[PDB]
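A.B. asks: coordinates only, sequence not included:
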């Protein structure tokens, strides 16, 4: 069938929707006696005809028979075990029948006994296979159709002591994803009692470790119920509720539990479980939510500010290497009448005509559309935009900023686009991108805080010292991918960038403002000039005056020095202290300059010369300790004789020397 399968499925759909009896018979022989069967069931269930009610009745009768067969324990083989993909397809069919305007009374088909049967089926088997996920997606769709069914489900597990296994909470978290279920769950006291219980357990454990409506939570359920928190954090009002002072004890308690209380006893497997659940929670919280981004930035700055005086624990280290060093991932939803070529939420549809991806923000629309004369061309539209398409090279950060400026609520985890076919004959791109958690954390200088607590190797060692300066990260974040690659090389073009960011920061911070002089005096205090001078001494094989990659390194270091002397070149006399003058009189600048002269890089050296001649307080170092530099430079300029620049720089040096 692999060459003509669309034809077969289409003719099967037409024969099925010809009459009711034939469709019911073929449903029976396709379910009792693959992706294609999922598409067949979808097109049978969601297409509207007078025979739709009997078809969904047959589907419900089949799933009830399978639940019965699983409940007491030839034609019954399909009832001994059902395909979980078929159950997810039935859930999608019921969901799209509830969503679309149907002629029949859909909740009349749903029965409470079906709720009891599928609930007993759910606890009859463990959580490893996907059959539990399928029957739980069916439970979620049916309870979305019937809110009173979920309302009675709360009354079963003692909710208006308690003991819930991991499968119980798994079924509840799976079946709470629908808006009516999550509305009833917020209306129910189960989330409030669980967060109060886990906060009390954390506080009790902290009090026991530091001394060396409430309900006791054991050491096993806490990782699954933290995963419950991760799964419910998709709602934006959930993210706002987690941002209040009522919840903040959860954060502080979990951190004090997982840092101070080392190996009540925490075993390594459960510690890893809580560790991974907290990673998932942190990844879930700040997803497309700038408020959560600044919240985590403030929280991590407060933890790094009160770091003990020196070793960083494994959790905080891996959280730094994980949370803000991977690109932000958003949920992509694609609706299209044309074919576009795992269990997901029923908002995301089914079949190949509904697409759902979990993709990083940094990519553009051309890459996600490639992976999924009048010429038909794909065009992208939004439900909040009327009459204009979307550019192919526009990244998702720009789209997220446009939607957040277009009344889309903050924290909306899944963005939806419709693909249409237009004709081609053979402002939007200029918007600001998303801020991202990494740059938000770097906005208040958290990089210096984490540096204080922490290919040639000397450049990578000097990068950590260089990023301690304020304003370094703001100019560092201009190229995201290469900065992330450099941080990945730090944890354990590439050597040029730690100095190129310093040169650009020197050039963007002039001497006419307070930021430039503060940066220069902090560089004088922390000792960056000594490090770059001994690096130049080691690279040039020359010693200070005691009282192919190397060429690029020397050129870049000379460029850094030139941008340090004159920021405008890339009260000026008293803008720089004489400490730099007495420091440069000791180093190896003069002998290396004399060695290199007597032999881009020449252009950088001439820029350094006009920079060192531009500052009057930096002038008297040019006198050698007896040929002047101006006459020498004129001699080798006549020897060389680009040319107008060389002549202008030589004339400037000659004027400075005279």
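C.D. replies: Structure's in. What do you need? Numbers count the residues shown, from 1 in each chain.
A.B. asks: which residues of the stretch 201-350 of the chain fall in helices?
C.D. replies: 222-232, 236-242, 248-259, 268-285, 290-305, 314-322 (DSSP state H, counting those that start in this stretch).
A.B. asks: Comparing the ones you listed, which stretch has the densest surroundings?
C.D. replies: helix 222-232 (a mean of 20; mean count of other Cβ atoms under 10 Å). To be clear about C-beta, it is placed using only N, CA and C from the backbone, and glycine gets the same treatment.
A.B. asks: could you give the angle of it to helix 268-285?
C.D. replies: 10 degrees (axes from the mean of the first three to the mean of the last three Cα atoms, to 10 degrees).
A.B. asks: Which residues does helix 222-232 contact?
C.D. replies: When contacts are defined by Cβ atoms under 8 Å, 6 or more residues apart in numbering, helix 222-232 is touched by residues 166, 169-170, 172-173, 176-177, 182, 185, 191, 194-195, 198, 201, 217, 238, 270, 273-274, 276-278, 280-281, 284.
A.B. asks: Could I get the contacting residues of residue 162?
C.D. replies: Taking Cβ under 8 Å, 6+ apart as the test, what residue 162 contacts is residue 215.
A.B. asks: Over to the one 3 residues further on?
C.D. replies: With contacts defined as Cβ under 8 Å, 6+ apart, residue 165 is in contact with residue 123.
A.B. asks: likewise the one 4 residues further on?
C.D. replies: Residue 169 makes contact with 221, 224, 225, 228, according to Cβ under 8 Å, 6+ apart.
A.B. asks: Which strand or helix spans the closest residue to residue 79 other than its chain neighbours?
C.D. replies: Closest residue in space to residue 79, ignoring its immediate chain neighbours: residue 69 at 4.4 Å, by Cβ to Cβ, 6 or more residues apart in numbering. Here residue 69, judged by DSSP states H and E, is contained in helix 52-72.
A.B. asks: Stretch 92-108: end-to-end distance?
C.D. replies: 18 Å (Cα to Cα, to the nearest Å).
A.B. asks: Could you tell me how far residue 238 is located from residue 332?
C.D. replies: 22 Å (Cβ to Cβ, to the nearest Å).
A.B. asks: and stretch 409-428, which residues are buried?
C.D. replies: In terms of neighbour count (16 or more other Cβ atoms under 10 Å), stretch 409-428 has its buried residues at 411, 412, 414, 415, 416, 417, 419.
A.B. asks: what do you get for stretch 44-63?
C.D. replies: Neighbour count says stretch 44-63 has 44-46, 49, 51-56, 58-60, 62-63 buried, by 16+ other Cβ under 10 Å.
A.B. asks: Which of those residues sits closest to residue 393?
C.D. replies: residue 46 (35.2 Å; Cβ to Cβ).
A.B. asks: who touches the closest one in this structure?
C.D. replies: Remark: with contacts taken as Cβ under 8 Å, 6+ apart, residue 46 is in contact with 93, 96, 97, 100.
A.B. asks: Where neighbours are concerned, which of those residues has the most?
C.D. replies: Taking other Cβ atoms under 10 Å as the neighbour criterion, residue 93 ranks highest of these with 23 neighbours.
A.B. asks: these two touch, right, it and residue 43?
C.D. replies: No. Assessed by Cβ atoms under 8 Å, residue 93 is found out of contact with residue 43, at 9.7 Å.
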